[PDB]
Amino acid sequence: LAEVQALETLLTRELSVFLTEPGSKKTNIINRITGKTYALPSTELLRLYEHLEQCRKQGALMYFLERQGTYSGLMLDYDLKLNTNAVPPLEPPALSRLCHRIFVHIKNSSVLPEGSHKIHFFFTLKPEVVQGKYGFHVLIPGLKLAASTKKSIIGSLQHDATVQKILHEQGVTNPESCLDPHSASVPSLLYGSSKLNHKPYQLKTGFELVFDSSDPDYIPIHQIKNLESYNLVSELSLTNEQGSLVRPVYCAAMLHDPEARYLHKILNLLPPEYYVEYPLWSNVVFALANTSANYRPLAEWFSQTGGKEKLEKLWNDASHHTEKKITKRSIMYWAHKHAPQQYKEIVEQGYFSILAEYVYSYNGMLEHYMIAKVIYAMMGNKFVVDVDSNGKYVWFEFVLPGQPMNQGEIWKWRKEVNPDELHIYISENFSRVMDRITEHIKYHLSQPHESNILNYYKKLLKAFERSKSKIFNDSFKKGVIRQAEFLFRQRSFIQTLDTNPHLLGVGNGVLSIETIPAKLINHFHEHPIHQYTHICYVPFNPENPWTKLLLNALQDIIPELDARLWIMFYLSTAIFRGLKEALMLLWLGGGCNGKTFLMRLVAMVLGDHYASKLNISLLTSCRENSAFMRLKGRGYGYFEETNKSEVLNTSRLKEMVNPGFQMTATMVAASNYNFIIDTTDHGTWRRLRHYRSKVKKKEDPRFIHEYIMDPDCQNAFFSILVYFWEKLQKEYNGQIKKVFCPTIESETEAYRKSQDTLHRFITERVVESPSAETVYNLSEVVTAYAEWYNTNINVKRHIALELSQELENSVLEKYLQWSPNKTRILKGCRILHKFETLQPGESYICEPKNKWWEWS
Amino acid sequence: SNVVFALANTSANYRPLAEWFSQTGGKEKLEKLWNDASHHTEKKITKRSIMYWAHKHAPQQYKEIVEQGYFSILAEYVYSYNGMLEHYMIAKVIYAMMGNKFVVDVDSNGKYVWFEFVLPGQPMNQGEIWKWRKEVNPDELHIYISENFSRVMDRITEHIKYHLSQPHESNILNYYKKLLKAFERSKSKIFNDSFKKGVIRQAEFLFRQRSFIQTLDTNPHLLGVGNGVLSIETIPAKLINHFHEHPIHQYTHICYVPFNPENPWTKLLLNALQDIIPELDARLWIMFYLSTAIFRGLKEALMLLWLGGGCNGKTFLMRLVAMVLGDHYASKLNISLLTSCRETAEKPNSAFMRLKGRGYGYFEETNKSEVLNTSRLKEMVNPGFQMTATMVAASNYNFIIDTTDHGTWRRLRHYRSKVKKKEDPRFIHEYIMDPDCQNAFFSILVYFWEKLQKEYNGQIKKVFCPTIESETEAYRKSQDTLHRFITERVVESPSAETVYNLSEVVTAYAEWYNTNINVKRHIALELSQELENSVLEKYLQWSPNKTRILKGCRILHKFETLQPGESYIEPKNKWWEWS
């Protein structure tokens with residue numbers, strides 16, 4: 001706006017030279033919008049008043065105050081409580097009598113000069129009553145009074161019986177206590193200015209009072225007729241001395257700038273009862289971490305009980321967000337839980353306000369982006385959109401319980417190629433806001449103002465009729481959806497979809513295992529997961545008959561030592577995504593054992609989260625992308641099928657088992673009891689584990705036919721799995737530092753010796769002898785290897801290099817030290833000959849049914 | 001100079017040059033006159049440099065003049081044509097609005113792809129902060145057309161309403177009334193989806209650059225880091241943290257280089273990567289070659305082999321430089337690309353175009369113990385689509401890459417780790433994943449790159465590194481065969497007047513191999529061409545009889561020793577300082 005631009009230029013270019021320091025006594029003018037204080041000389045005060053007056057006549061937002069100081073015009077601030085929400089009549093006779101009574105107190109102060117003098121009274125009124133609260137200012141700007149005299153006059157006015165009567169007959173219920181006793185000292189709003197939360201007072205009536213010391217009983221108060229002719233900011237100013245209408249008579253001696261956008265945040269932030277916060281103090285400030293200028297919101301929120309803003313430690317001076325924890329939607333869901341109807345009317349008022357400003361900006365022509373903006377304000381908490389792989393904007397819809405799900409997508413995002421719910425929503429729920437717009441226009445029609453406003457409103461309504469029905473058009477709705485695709489963007493939603501390892505998509509909701517207990521998140525959340533498992537359906541962890549039968553038939557069948565928990569500890573941790581221990585299980589044991597029950601039920605309980613029906617050809621491939629990607633995006637792979645009798649399979653398993661795209665683990669392998677998964681390797685892979693089940697009085701086919709079809713059994717088994725998952729890490733966080741079990745490690749070393757070659761060699765023919773001074777060379781070790789292999793297993797030729805590097809890279813590497821001579825000679829070990837006895841000083845190289853858990 | 005190459009696109013640039021540089025002081029440009037009319041150059045910076053050189057030094061006046069020009073263009077377009085506004089003039093004002101934020105180019109399939117420059121006040125991915133990102137649709141441009149253009153539309157409407165309330169005759173009043181009515185009818189069109197799509201497809205011809213796709217990351221001295229753009233053109237690192245005309249797209253999210261610090265993390269990394277290996281006179285060539293991975297291409301053609309050690313810092317350093325970089329320089333490169341035959345006899349699978357634009361290749365997985373090395377290594381390591389380098393092969397403790405090779409590959413280097421309490425594998429478990437250690441190692445890498453740039457511009461001309469070359473010739477000794485015979489029977493003997501013929505050397509090599517390794521059939525021509533290109537090439541000259549003569553040398557027989565007159569063929573301070 002031109003006149004605002006003019007005022008901006010005057011303030012910054014010219015009046016900047018009069019800027020005062022905070023608490024300066026020279027200050028006469030305060031701009032509470034810019035937070036600037038000025039000491040303006042009379043010439044520059046007038047120039048200011050001409051600009052403020054032009055801004056006032058165009059309804060511009062002003063918050064200018066003048067400081068009264070010690071000698072200036074009189075201001076009376078009345079704060080009225082009314083009988084009703086109707087503006088009191090306050091007609092000239094009542095206001096005229098008020099002036100007379102105000103004057104009697106001025107006269108009684110004894111400070112008026114002798115002679116004949118005009119003094120002007122101006123009454124500016126609060127534009128509307130709000131909850132029976134009403135106000136007026138009485139300005140006597142020309143009557144220059146000492147601060148002490150003003151205070152005295154105000155004291156007397158509070159107790160005036162005639163004033164109390166007048167106010168009572170106007171419907172004032174606080175006539176004894178409505179006059180602000182600090183009226184003398186408070187900074188006084190310039191005409192056209194107001195607090196940022198209020199609208200400016202409007203000049204209703206002004207009066208001319210003439211007093212004459214020679215004729216004291218003649219006090220004619222002539223109303224002022226040509227008020228519009230004057231600069232009203234100028235004339236009404238208490239500190240001005242260069243008014244045209246108002247000629248002085250000398251008596252004896254923080255920053256908000258909400259831009260109508262964060263007022264909504266204030267309106268939704270106050271209603272919750274969370275003013276004190278013992279468990280959720282941190283959960284509010286990180287919810288405003290997306291907000292850049294959060295200092296004023298936090299100072300408005302958490303600075304009142306009291307608590308000295310927790311000594312202003314500011315969460316260690318504005319701590320950054322650890323991750324994408326929470327946003328505005330967290331506070332949005334913190335409403336609609338305590339005050340649902342208040343939150344609903346607040347958001348509906350905001351929705352109507354946005355649509356009203358769009359309608360009044362462009363009279364009837366409502367287009368695609370306006371509907372897209374109002375829709376984004378409407379369901380921004382429920383839809384997002386991305387460009388995931390092929391550059392196509394796919395939509396993601398948050399699902400609520402009052403919706404048609406698929407089976408179990410109850411509190412998670414679902415992928416859509418077309419927002420069906422948004423298409424229905426634009427036609428149904430947005431039509432209510434359109435009807436509210438029409439009712440507001442029709443209510444504005446039934447108001448008694450001039451004919452040009454009637455014509456403008458009628459043509460606006462006529463233009464809006466053909467746009468109201470456009471929201472049911474298919475092409476218009478498709479264009480609105482395509483336009484809102486740019487507004488619902490997140491730019492990272494696909495990038496972080498299922499990257500959180502401690503989150504699980506369950507048919508009841510979201511399972512979070514960040515801390516020790518299970519949460520089962522069954523409400524609104526900002527966790528951006530989409531993948532889900534409709535079979536899990538976790539009932540926390542009961543101890544009923546079904547889970548008792550599952551634990552009695554699942555465990556307590558395979559024998560174990562000292563109540564071994566490792567086997568289904570490793571069958572657990574499948575609910576984790578990645579970055580875990582890289583052990584691999586071999587279940588080469590049992591013919592009709594649980595290798596078909598456990599190893600399949602643990603994959604049927606999970607879904608697309610962690611289940612990869614991986615065939616044997618990944619292991620049996622000879623030479624060696626596009627093969628294990630079903631394991632890359634998941635965290636469990638398994639090979640259930642019994643394929644052959646005996647094949648060779650080393651392939652690329654040297655990098656498959658260990659990390660190194662994204663690291664993942666928990667592969668369980670079980671071909672059959674046949675001797676399938678064998679190939680001689682010299683990697684000393686301690687990450688390969690093999691357990692043989694000791695079972696083959698009844699086979700119990702009901703556990704293999706239909707019990708794992710039962711959803712309740714799967715829920716109980718998933719409960720057992722998750723219960724042992726947090727039973728794991730609070731005792732042995734990580735399976736490497738778990739308590740040793742002789743059974744599993746004995747079976748692994750027995751299998752490794754069954755692979756023969758290197759481990760049989762340095763476990764039988766070699767004994768660690770620190771007392772042996774005989775230093776063995778690598779060539780002697782290779783010769784002993786060749787002789788022992790020829791005299792023990794098979795006669796064959798040997799080339800020294802291959803078994804030399806095999807011995808140098810075997811378990812014997814601890815015995816091998818980088819000598820100053822830089823040799824791989826053997827130190828602190830001995831080699832045994834045929835039928836050689838080990839010399840002294842050398843070393844070789846309950847189940848209860850009940851309470852069936854926990855170990856020391 | 002920068003301003004004059006920026007406005008050298010002006011046909012009459014001398015007049016603005018004299019207008020702006022004859023300015024306190026100036027003194028008629030100090031009587032240089034563009035240094036007496038200096039010669040132009042290649043595609044340097046553009047008018048966006050002067051566009052950027054405002055807005056933080058004098059932002060208020062710059063904003064005022066840009067708003068005034070914005071309003072002037074829109075006022076001309078709404079005055080030449082009465083009230084209606086359509087696609088091309090909205091596109092023209094949009095191009096005037098963000099000509100320095102968006103570009104568009106055609107890349108492969110005839111389609112136009114948009115590239116958007118990013119700012120700190122914008123939702124980025126992790127580290128696209130001062131780099132062009134590829135947008136399938138310019139979402140920010142649609143948003144800016146819908147919202148920010150409405151401010152200029154309201155400015156036009158306010159100007160029209162101001163001109164309406166002026167005292168002239170009723171004909172101009174009626175003209176302004178119908179102009180306001182038509183402009184009000186056309187004002188809501190900027191919120192229409194089809195209108196905005198037309199404006200975007202019209203501005204695709206205005207934001208066109210046409211030198212953007214083919215010059216995107218061809219400059220090797222630029223890195224896309226999480227702080228912005230890292231330039232290694234100068235001796236110190238530049239760290240461009242503002243607007244620039246460098247048109248790079250790919251980035252690295254973890255680099256984040258705050259120069260070279262001396263905090264706890266970089267000191268821990270310095271004590272961790274070295275001082276475990278006993279090095280001679282601060283031997284540092286290994287990580288020196290592990291530097292220069294920030295260089296894109298056109299470098300030396302060396303290759304490092306690190307198949308030594310079982311539980312050493314083998315995969316730790318390789319994977320940590322891999323994590324330090326991103327899609328800039330990383331390639332998992334399963335060794336079956338260069339091992340276990342030439343796959344399906346297919347060179348155009350992976351190979352070069354997997355390493356296209358890359359500057360680091362690495363081979364870590366193991367097939368069994370030993371298969372092959374040669375395959376097509378000789379084709380790929382030679383310069384000839386484009387050429388790139390810094391391949392480090394470190395697969396396992398087993399010697400896997402061992403077949404015959406005698407093409408005197410001086411560009412191959414071998415190294416093993418001399419040092420393999422417990423094993424302490426936590427340096428590969430979770431220590432690499434820390435962003436701070438990756439930042440510190442990128443700082444170390446750029447410090448050692450500029451250390452190369454200061455003293456020894458090229459690793460051929462640097463100080464002598466004995467260990468690697470010894471282990472390298474030791475791996476050449478692993479090949480031996482002819483290499484062995486040359487280092488053995490063949491001896492540099494100048495004072496000797498004897499001249500060795502081709503058949504004599506071939507027979508001597510055959511006899512030495514028969515009495516040394518094994519017995520097999522010999523081909524005189526094959527052995528002659530095999531020994532022709534070996535290290536005795538300098539000692540082989542052209543005979544006057546159009547043959548080859550081996551001069552200034554002697555051939556040792558069985559149990560023959562050296563004859564006189566014949567020759568064969570630690571800082572006290574810290575290690576990373578000057579040496």
# chains A, B, ... in the order shown; residues from 1 in each chain; ligands from 1
>>> interface_residues(of="chain A", to="chain B", cutoff="6 Å", atoms="only C-alpha atoms", output="count of residues only")
6
>>> select_by_dssp(residues="range 382-459 of chain A", states="strand (DSSP E or B)", output="PyMOL selection string")
chain A and resi 383-386+394-398+413-416
>>> residues_around(residues="range 434-436 of chain A", least_positions_apart="3", cutoff="9 Å", atoms="only C-alpha atoms", output="number ranges by chain")
A: 352, 355, 430-431, 439-441, 468
>>> write_last_selection(atoms="N, CA, C and O atoms", output="CSV table (one decimal), in the first residue's frame")
chain,number,residue,atom,x,y,z
A,352,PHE,N,-12.8,-21.5,7.2
A,352,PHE,CA,-13.7,-20.5,6.7
A,352,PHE,C,-13.0,-19.2,6.4
A,352,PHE,O,-13.2,-18.5,5.5
A,355,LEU,N,-10.8,-19.6,3.2
A,355,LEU,CA,-11.7,-19.6,2.0
A,355,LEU,C,-12.3,-18.2,1.8
A,355,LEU,O,-12.5,-17.8,0.6
A,430,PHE,N,-15.8,-30.4,1.9
A,430,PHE,CA,-15.5,-29.0,1.5
A,430,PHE,C,-16.7,-28.3,1.0
A,430,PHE,O,-16.8,-27.1,1.1
A,431,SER,N,-17.8,-29.0,0.7
A,431,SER,CA,-19.1,-28.4,0.3
A,431,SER,C,-19.7,-27.7,1.6
A,431,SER,O,-20.4,-26.8,1.4
A,439,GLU,N,-23.6,-18.8,3.3
A,439,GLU,CA,-24.3,-18.2,4.4
A,439,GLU,C,-23.7,-16.9,4.9
A,439,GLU,O,-24.5,-16.0,5.3
A,440,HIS,N,-22.4,-16.8,4.9
A,440,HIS,CA,-21.8,-15.6,5.3
A,440,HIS,C,-22.1,-14.4,4.4
A,440,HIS,O,-22.4,-13.3,4.8
A,441,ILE,N,-22.1,-14.7,3.1
A,441,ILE,CA,-22.4,-13.7,2.1
A,441,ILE,C,-23.9,-13.3,2.2
A,441,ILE,O,-24.2,-12.1,2.1
A,468,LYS,N,-19.2,-22.6,-7.1
A,468,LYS,CA,-19.6,-23.6,-6.0
A,468,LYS,C,-19.8,-24.9,-6.6
A,468,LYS,O,-19.4,-25.9,-6.0
>>> closest_residue(among="B:288, B:515, B:156, B:256", to="residue 445 in chain B", atoms="only C-alpha atoms")
B:288
>>> residues_around(residues="residue 98 in chain A", least_positions_apart="5", cutoff="9 Å", atoms="only C-alpha atoms", output="number ranges by chain")
A: 93, 103, 162-163, 166
>>> write_last_selection(atoms="C-alpha atoms", output="PDB file, in the first residue's frame")
ATOM      1  CA  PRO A  93     -26.576  13.925  26.138  1.00  0.00           C
ATOM      2  CA  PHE A 103     -14.553  19.390  33.991  1.00  0.00           C
ATOM      3  CA  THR A 162     -23.328  11.263  38.653  1.00  0.00           C
ATOM      4  CA  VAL A 163     -20.721   9.483  36.378  1.00  0.00           C
ATOM      5  CA  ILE A 166     -24.701   7.652  33.672  1.00  0.00           C
TER       6      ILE A 166
END
>>> residues_around(residues="residue 514 in chain A", least_positions_apart="5", cutoff="10 Å", atoms="only C-alpha atoms", output="PyMOL selection string")
chain A and resi 500-503+519
>>> select_by_dssp(residues="range 177-342 of chain B", states="helix (DSSP H, G or I)", output="PyMOL selection string")
chain B and resi 177-191+193-203+264-273+285-290+314-324+335-337
>>> write_last_selection(atoms="C-alpha atoms", output="CSV table (one decimal), in the first residue's frame")
chain,number,residue,atom,x,y,z
B,177,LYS,CA,-12.5,0.6,-15.8
B,178,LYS,CA,-12.5,-1.9,-18.6
B,179,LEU,CA,-8.8,-2.6,-18.2
B,180,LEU,CA,-9.3,-3.3,-14.5
B,181,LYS,CA,-12.3,-5.6,-15.3
B,182,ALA,CA,-10.3,-7.6,-17.9
B,183,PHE,CA,-7.2,-7.8,-15.6
B,184,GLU,CA,-9.4,-8.9,-12.7
B,185,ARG,CA,-10.9,-11.6,-15.0
B,186,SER,CA,-7.3,-12.7,-16.0
B,187,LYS,CA,-5.9,-12.5,-12.4
B,188,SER,CA,-7.4,-15.7,-11.1
B,189,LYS,CA,-5.9,-17.7,-14.1
B,190,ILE,CA,-2.5,-17.9,-12.3
B,191,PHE,CA,-4.2,-20.3,-9.8
B,193,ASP,CA,-3.7,-25.9,-13.1
B,194,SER,CA,-3.8,-25.9,-16.9
B,195,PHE,CA,-2.7,-22.3,-17.1
B,196,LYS,CA,0.2,-23.0,-14.8
B,197,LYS,CA,1.2,-26.1,-16.8
B,198,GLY,CA,1.2,-24.0,-19.9
B,199,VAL,CA,3.3,-21.3,-18.2
B,200,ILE,CA,5.8,-24.0,-17.1
B,201,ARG,CA,6.0,-25.5,-20.6
B,202,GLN,CA,6.4,-22.0,-22.0
B,203,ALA,CA,9.2,-21.1,-19.5
B,264,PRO,CA,40.1,-35.7,19.4
B,265,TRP,CA,38.6,-37.5,16.4
B,266,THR,CA,41.2,-36.5,13.8
B,267,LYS,CA,44.0,-37.3,16.3
B,268,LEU,CA,42.4,-40.7,17.0
B,269,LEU,CA,42.2,-41.3,13.2
B,270,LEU,CA,45.8,-40.3,12.8
B,271,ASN,CA,46.9,-42.6,15.6
B,272,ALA,CA,44.7,-45.4,14.2
B,273,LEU,CA,45.4,-45.5,10.4
B,285,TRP,CA,52.8,-43.8,0.0
B,286,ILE,CA,49.9,-46.2,0.7
B,287,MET,CA,47.5,-43.6,2.0
B,288,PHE,CA,49.1,-41.1,-0.4
B,289,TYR,CA,47.6,-43.3,-3.1
B,290,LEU,CA,44.5,-43.6,-1.0
B,314,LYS,CA,42.2,-54.4,5.5
B,315,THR,CA,38.5,-53.7,4.9
B,316,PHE,CA,38.4,-50.9,7.5
B,317,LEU,CA,40.3,-48.2,5.5
B,318,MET,CA,38.8,-49.3,2.1
B,319,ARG,CA,35.2,-49.2,3.4
B,320,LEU,CA,35.8,-46.0,5.3
B,321,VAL,CA,37.0,-44.1,2.2
B,322,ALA,CA,34.0,-45.7,0.5
B,323,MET,CA,31.7,-44.3,3.1
B,324,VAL,CA,33.5,-40.9,3.1
B,335,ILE,CA,36.0,-59.2,-8.4
B,336,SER,CA,34.2,-61.5,-11.0
B,337,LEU,CA,34.2,-58.5,-13.2
>>> residues_around(residues="residue 407 in chain B", least_positions_apart="3", cutoff="10 Å", atoms="only C-alpha atoms", output="PyMOL selection string")
chain B and resi 378+404+410+530-531+533-534
>>> write_last_selection(atoms="C-alpha atoms", output="short mmCIF file (atom, residue, chain, number, x, y, z; two decimals), in the first residue's frame")
data_model
loop_
_atom_site.label_atom_id
_atom_site.label_comp_id
_atom_site.auth_asym_id
_atom_site.auth_seq_id
_atom_site.Cartn_x
_atom_site.Cartn_y
_atom_site.Cartn_z
CA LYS B 378 45.27 -54.74 -19.46
CA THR B 404 50.94 -65.17 -16.02
CA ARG B 410 55.26 -50.76 -13.95
CA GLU B 530 58.64 -61.94 -24.65
CA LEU B 531 62.16 -60.77 -23.77
CA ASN B 533 59.75 -55.68 -24.24
CA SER B 534 61.31 -56.52 -20.86
#
>>> atom_distance(atom1="CA of residue 417 in chain A", atom2="CA of residue 610 in chain A")
25.0 Å
>>> decode(residues="range 188-218 of chain A", atoms="N, CA and C atoms", output="compact mmCIF listing (two decimals), in the first residue's frame")
# COMPACT_ATOMS: atom_id res chain seq x y z
N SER A 188 -0.27 6.13 25.66
CA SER A 188 -1.64 6.31 25.12
C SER A 188 -1.60 6.05 23.61
N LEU A 189 -2.48 5.19 23.11
CA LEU A 189 -2.54 4.82 21.68
C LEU A 189 -2.85 6.08 20.86
N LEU A 190 -2.12 6.28 19.77
CA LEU A 190 -2.48 7.32 18.78
C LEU A 190 -3.79 6.88 18.12
N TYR A 191 -4.62 7.84 17.71
CA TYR A 191 -5.89 7.53 17.01
C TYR A 191 -5.56 6.68 15.78
N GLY A 192 -6.27 5.57 15.60
CA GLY A 192 -6.06 4.63 14.49
C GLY A 192 -5.17 3.46 14.88
N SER A 193 -4.55 3.51 16.07
CA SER A 193 -3.64 2.45 16.58
C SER A 193 -4.36 1.58 17.60
N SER A 194 -3.84 0.38 17.85
CA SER A 194 -4.37 -0.61 18.83
C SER A 194 -3.31 -1.65 19.16
N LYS A 195 -3.46 -2.33 20.31
CA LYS A 195 -2.75 -3.60 20.61
C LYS A 195 -2.98 -4.54 19.42
N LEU A 196 -2.06 -5.47 19.18
CA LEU A 196 -2.07 -6.28 17.94
C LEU A 196 -3.24 -7.27 17.98
N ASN A 197 -3.78 -7.54 19.17
CA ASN A 197 -4.90 -8.50 19.39
C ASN A 197 -6.26 -7.79 19.34
N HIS A 198 -6.29 -6.45 19.29
CA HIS A 198 -7.53 -5.62 19.36
C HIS A 198 -7.69 -4.83 18.05
N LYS A 199 -8.86 -4.22 17.83
CA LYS A 199 -9.10 -3.30 16.69
C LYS A 199 -9.08 -1.87 17.23
N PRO A 200 -8.73 -0.86 16.41
CA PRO A 200 -8.63 0.52 16.89
C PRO A 200 -10.00 1.09 17.29
N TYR A 201 -10.01 1.85 18.39
CA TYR A 201 -11.17 2.65 18.84
C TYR A 201 -11.52 3.64 17.74
N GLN A 202 -12.82 3.91 17.57
CA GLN A 202 -13.39 4.80 16.53
C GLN A 202 -13.93 6.07 17.20
N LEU A 203 -13.64 7.24 16.64
CA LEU A 203 -14.13 8.54 17.15
C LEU A 203 -15.64 8.60 16.89
N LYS A 204 -16.44 8.68 17.94
CA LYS A 204 -17.92 8.75 17.82
C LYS A 204 -18.34 10.23 17.85
N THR A 205 -17.91 10.96 18.87
CA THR A 205 -18.38 12.34 19.15
C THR A 205 -17.25 13.12 19.83
N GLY A 206 -17.09 14.39 19.44
CA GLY A 206 -16.23 15.36 20.14
C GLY A 206 -17.02 16.58 20.59
N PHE A 207 -16.60 17.20 21.70
CA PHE A 207 -17.29 18.36 22.31
C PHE A 207 -16.30 19.49 22.55
N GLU A 208 -16.79 20.72 22.36
CA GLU A 208 -16.08 21.98 22.70
C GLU A 208 -16.67 22.52 24.00
N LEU A 209 -15.87 22.58 25.06
CA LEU A 209 -16.23 23.21 26.35
C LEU A 209 -15.49 24.55 26.43
N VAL A 210 -16.22 25.66 26.62
CA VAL A 210 -15.63 26.99 26.91
C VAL A 210 -15.82 27.26 28.40
N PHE A 211 -14.74 27.60 29.11
CA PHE A 211 -14.81 28.10 30.50
C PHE A 211 -14.31 29.54 30.53
N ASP A 212 -14.88 30.33 31.43
CA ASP A 212 -14.53 31.76 31.64
C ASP A 212 -14.48 32.01 33.15
N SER A 213 -13.31 32.35 33.69
CA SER A 213 -13.05 32.57 35.14
C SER A 213 -13.97 33.68 35.68
N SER A 214 -14.30 34.67 34.84
CA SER A 214 -15.15 35.83 35.19
C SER A 214 -16.62 35.40 35.33
N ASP A 215 -17.02 34.34 34.61
CA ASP A 215 -18.41 33.85 34.51
C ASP A 215 -18.42 32.33 34.74
N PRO A 216 -18.07 31.86 35.96
CA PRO A 216 -17.76 30.45 36.19
C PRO A 216 -18.97 29.51 36.07
N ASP A 217 -20.19 30.04 36.14
CA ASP A 217 -21.44 29.24 36.12
C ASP A 217 -21.86 28.99 34.66
N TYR A 218 -21.24 29.66 33.69
CA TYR A 218 -21.55 29.45 32.25
C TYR A 218 -20.49 28.52 31.65
